[PDB]
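>>> As they sit in the full assembly, here are the leading chains:
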Amino acid sequence: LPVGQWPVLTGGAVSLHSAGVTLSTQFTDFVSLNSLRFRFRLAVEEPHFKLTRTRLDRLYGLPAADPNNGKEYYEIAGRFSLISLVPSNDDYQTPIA
C-alpha cells in the first residue's frame, strides 16, 4: 500500500481430480492441433486462506494470489486409453496418420 502496513494474502490450497475427457481443438502460434480436453473437478484442502490485517478468515478454495506458488509447474501422472479407427482397403497397409 502507498502507506501503512501491507496486507498478506496467504494460504491457498486445492486438489484437482479426474472426471472424464473428450476431444477439442487447441491453437498453435502457427497451426491447429488435434488436442485432447481433460476436464477436472475440484476439492478443498485443509490449509486455509487468510486475509491478514483485514476482516476475512476461514476461507477455502483457490485464490488468484500466486497459484504458481513458485512451483515451476504442476504435474499429473496417469494413463489414457484411445480406441481409434483407421481406413485400410484390406487387412494390412495400415496408415500412421
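Sure thing, it's come through. Numbering: from 1, shown residues only, chains lettered A, B, ... in the order given.
>>> dump the residue contacts of residue A:48.
For residue A:48, the contact set (CB atoms under 8 Å, 6 or more residues apart in numbering) comprises A:11, A:13, A:57-60. Bear in mind the C-beta positions are built from the backbone N, C-alpha and C, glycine included.
>>> Can you tell me how far it is from residue A:67?
According to CB to CB, to the nearest Å, residue A:48 stands 16 Å off from residue A:67.
>>> would you list every one of the strands in chain A?
A:9-11, A:14-27, A:32-44, A:49-51, A:56-59 (DSSP state E).
>>> out of the ones you listed, which comes closest to residue A:79?
strand A:14-27 (10.6 Å; CB to CB).
>>> Adjacent strands (with direction) for the closest one?
Strands that pair with strand A:14-27, judged by DSSP bridges, come out as strand A:32-44 (antiparallel).
>>> Ramachandran coordinates for the closest residue in space to residue A:58 that isn't next to it in sequence?
Leaving out its chain neighbours, the residue that sits closest to residue A:58 by CB to CB, 6 or more residues apart in numbering is residue A:48, at 6.2 Å. Backbone geometry at residue A:48, expressed as degrees, to the nearest 10, gives phi -60, psi 170.
>>> ok, back up a step: only whichever of the contacts of residue A:48 are buried, select them in ChimeraX.
The following ChimeraX line selects those of those that are buried, judged by 16 or more other CB atoms under 10 Å:
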select /A:11,13
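>>> Residue A:3: which of the contacts of residue A:48 is nearest?
residue A:57 (24.1 Å).
>>> Provide a list of residues in contact with that closest one.
A:48, A:50-51 are the contacts of residue A:57 under CB under 8 Å, 6+ apart.
>>> Now do the same contact list for residue A:63.
Here residue A:63 is in contact with A:9, A:11-12, A:49 (criterion: CB under 8 Å, 6+ apart).
>>> one more, chain B:
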Amino acid sequence: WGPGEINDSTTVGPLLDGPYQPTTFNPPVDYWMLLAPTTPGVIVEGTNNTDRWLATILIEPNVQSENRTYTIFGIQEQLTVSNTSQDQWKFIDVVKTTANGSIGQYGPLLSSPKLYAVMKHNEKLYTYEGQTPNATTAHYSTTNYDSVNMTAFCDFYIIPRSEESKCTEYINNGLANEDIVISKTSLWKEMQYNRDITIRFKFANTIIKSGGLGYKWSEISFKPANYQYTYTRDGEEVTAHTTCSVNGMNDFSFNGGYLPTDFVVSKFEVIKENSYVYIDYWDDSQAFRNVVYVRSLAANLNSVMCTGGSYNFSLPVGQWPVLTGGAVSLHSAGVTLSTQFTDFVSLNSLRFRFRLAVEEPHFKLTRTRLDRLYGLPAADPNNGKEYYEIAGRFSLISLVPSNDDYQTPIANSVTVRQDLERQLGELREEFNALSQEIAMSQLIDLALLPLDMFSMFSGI
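Time to bring in chain B:
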C-alpha cells in the same frame, strides 16, 4: 506511524560575543578584538613590552593641526593632533619601543562608525590603516609579534577571524452545521492484551556551546533520541525504533562572569516534578497495530534510579569543573496517545509519560557559588554507561474491529465426505433373505399390472 512532533527551540548565539568589561587581554588566535571607543584619547594600550608600545589615540574631527596632551602609559606627552577629514575621527596609531620612546604616528584612520579589529596572524600584528570603508590591514612586525597584551579602558568584543568581513562592515559602517451517514454500521468487540515490556533507554543530548572561549554554552539540551532495540515480546524479539525526550524541565542559567574567562551558560537544565519523560516505541506488531481506538492502557513498570555523570568542559585556561553526587528516579505514568492528521491519515504518536523524582545525593558542582542543586544533568545523563533496563508488564484494552465468524457463505465449510454405498455381497444376502415373507396371490395380482418409468421410482 513514526516519531511525532516534539517542539524545540534553536541554540541561540552559538558564536556571538559582545562587550567585555575592561580587563587585561590579548587578541585571541583567529579572534579579532573589536573595540567600543568612548571618548577621544588613548583608547587601547597594546604592549609587546619588548618592541611594541602601541597607543591608538582617538582624535575628534575638525581638528587638523594641534599639539595636545595625551595620556600614554600614564604620562602626559605633547603629540601632534590632526585629522585627514573634517567629518571622520582620525585614529593616530602611536608606536614606541619604550613608555616614552620615539612617537611614531601611523595612519590615517578615518572611521565613521569608529570600529576596528585587532589580531595577529603568522607572527605579524594586523592594524587597520587608511580611511573607511577602505581600512587596509597594515602590519606591525617586531620581535615577539604575537605577544601584544592590550590593557583595556573600553568595552571589547570577540569576533572570529572568519567573521572578519563583518568586522570590515563594522569598520566600514558599523552594526453549515451538517452531518450525514458515511458508511453503514460495523460490529466491534473489546479485548485486552498483556505485554511484559522491557525498556532499554539511553537518552541523548545536544550539548552545544555559545561564544567566549568555549566557556559559554548556549543549549546543553536533550533531544528526541532514536535507536532500535529488540525485545523478546512473548519470547519473540519485536524490534522497536526508540525515540525519547523530556518536557517540562526547569530552565536555569549559569553565570560565572562577563569576560571570556568565566562561565556564561545560556540555558542549563535542572529537573523537578514539573516535567515528564516522553517516550515511544515504533514496532509493527498485531497487538500493537491495534493501538487504534484503544480504551485504556496500564504501564505497570518498576521504578528506575536514573543517575547522570559529568561533562568535561573546553577550557583553554586551566581545567574545568566536575559534577559530584545526585540522582533522580523514574516511574511509569499516564500514557498519552496523540493523533496527527495528514489529509486522509493519522500519524501515530504514543507519548509515554515517566514522572521524575529527584533524590539524594545532591548534584554538587565544584568551584561554584550556588548551594543545594538538584536534578539530573544534561551534562552526562548516562555517565558513559549503558541504557537503563526495566522489566514490567503492560495492559492494552482496546475495541478491535473483528468480524468473528459471520458475513460469510453459509455453505463455506470444509466438505465432509460421502457415505460408502452398501457393498454388493451383503446386499445379495439381504435381498435373498427378504424372499421369506413374500405372498403369492398378491404377487400374481401385481405381476398382471403393468408398471412404468414414473411408476418405478415414485414409490421410494
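>>> For whichever residue of chain A sits closest to chain B, which non-adjacent residue is closest in space?
Here chain A gets closest to chain B at one residue, residue A:55, 4.8 Å apart by CB to the nearest CB. Closest residue to residue A:55 apart from its sequence neighbours, by CB to CB, 6 or more residues apart in numbering or on different chains: residue B:403 at 4.8 Å.
>>> pretty sure the one you found is touching residue A:51, no?
No - in this structure, residue B:403 is not within contact of residue A:51 by CB atoms under 8 Å, at 10.8 Å.
>>> which residues touch residue A:51?
A:7-9, A:57, A:59 (CB atoms under 8 Å, 6 or more residues apart in numbering or on different chains).
>>> Kindly state the beta-bridge partners for it.
Here residue A:51, judged by DSSP bridges, has bridge partners residue A:9, residue A:56.
>>> Could you report the neighbour count for the residue of chain A closest to chain B?
Residue A:55 has 11 neighbours, counted by other CB atoms under 10 Å in any protein chain shown.
>>> Then residue A:39?
10.
>>> hang on, it packs against residue A:22?
Yes - counting by CB under 8 Å, residue A:22 is a contact partner of residue A:39 at 7.5 Å.
>>> which of the residues in stretch A:22-35 are buried?
Buried residues in stretch A:22-35, counted by 16 or more other CB atoms under 10 Å in any protein chain shown: none are found.
>>> Compute the first-to-last residue distance for it.
End-to-end distance of stretch A:22-35 (CA to CA, to the nearest Å): 9 Å.
>>> Contacts for it next, please.
A:36-37, A:39.
>>> at 7 Å instead, please
A:36-37 (CB atoms under 7 Å, 6 or more residues apart in numbering or on different chains).
>>> mind adding chain C? sequence follows:
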Amino acid sequence: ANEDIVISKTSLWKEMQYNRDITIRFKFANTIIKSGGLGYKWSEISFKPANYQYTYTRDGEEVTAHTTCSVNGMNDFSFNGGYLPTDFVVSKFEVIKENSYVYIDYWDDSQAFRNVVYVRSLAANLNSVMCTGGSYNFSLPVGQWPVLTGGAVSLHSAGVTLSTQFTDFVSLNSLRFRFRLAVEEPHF
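Chain C now in position relative to the chains above:
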C-alpha cells in the same frame, strides 16, 4: 506476558461526517519574568497559556467554547546593550518566526464535541489572516522604554491531534489544534 483476553461481546457503530464551520479569534498574554536586577536585565519573556471562555451562534446555536491557547516551537533571541543594570539586557527574547507552533484547545459540552471520541478523520479549513506585531511599551526602573513595531504573521495548517491521558480509569481529554505561523512583511 503472553495472554490475550476479550472483554465485551457484539456492539454497533456507524461512520458519521461533520462539515460545520466555526469562527475563531485570538488575543494573548506575556509572562515578563524579570531578573534580580533593576529591570533593564530581562531574565525571561515567555507566554502565559491564554484561557478564556467564548460563546458563538452556530447557525442559530449559541455554544460556549472554553478556549485555552499556547505556543510551542519557536526561534529565540537575546539582546544585550550590556550586562549592567541600566543599559538594556535581554537574556532571552522570543521572536515569533516561521517555525512557531500554536496549540488551541476548545472545551465544549456540545454534542459534536461530545461526539468526538474515536475520530476516523478530522480536518480544519483555516485561512492565513494577517496578524502583525503589537505595540507593547516596557517597564523600567529608570527613564523611558523601547517600543515594538512591525512584523506580520499568517496562519497555516499544522494538523490536528486527539490526545488521551490514561492516568487511571480516568480519561483526561485534551485536543490540540496545531498551527504553523509563516512570516510576512512589514519587518519587525
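>>> The contacts of residue A:57 with chain C there, same question as before?
Contacts of residue A:57 (CB under 7 Å, 6+ apart): residue A:50.
>>> how much space between it and chain C?
16 Å (CB to the nearest CB, to the nearest Å).
>>> next one: residue A:11
22 Å.
>>> Ok, residue A:53 next?
Taking CB to the nearest CB, one finds residue A:53 at 17 Å from chain C.
>>> my guess is that residue contacts residue A:10, does it?
No - assessed by CB atoms under 7 Å, residue A:53 is found out of contact with residue A:10, at 11.1 Å.
>>> Get me the contact residues on chain A for chain C.
Contact residues, chain A versus chain C (CB under 7 Å from any CB of the partner chain): none.
>>> Confirm for me that residue A:18 is in contact with residue A:39.
No - using CB under 7 Å, residue A:18 makes no contact with residue A:39, being 8.7 Å away.
>>> Which neighbours do these two have in common?
If you check residue A:18 and residue A:39 against CB under 7 Å, 6+ apart, no residue is contacted by both.
>>> In this structure residue A:12 contacts residue A:49, no?
Yes - contact criterion CB under 7 Å: residue A:12 and residue A:49 qualify, at 5.6 Å.
>>> Distance from stretch A:75-94 to the middle of the chain?
26 Å (CA atoms, centre = their mean, to the nearest Å).
>>> Same check on stretch A:77-95?
For stretch A:77-95, the distance to the chain centre is 28 Å (CA atoms, centre = their mean).
>>> list the buried ones in that stretch?
Buried residues in stretch A:77-95 (16+ other CB under 10 Å): none.
>>> List the contacts of it.
Outside stretch A:77-95, no residue touches it (CB under 7 Å, 6+ apart).
>>> cutoff 8 Å now
A:18, A:21, A:36.
>>> contacting residues for the second one?
With contacts taken as CB under 8 Å, 6+ apart, residue A:21 has the following neighbours: A:36-39, A:80.
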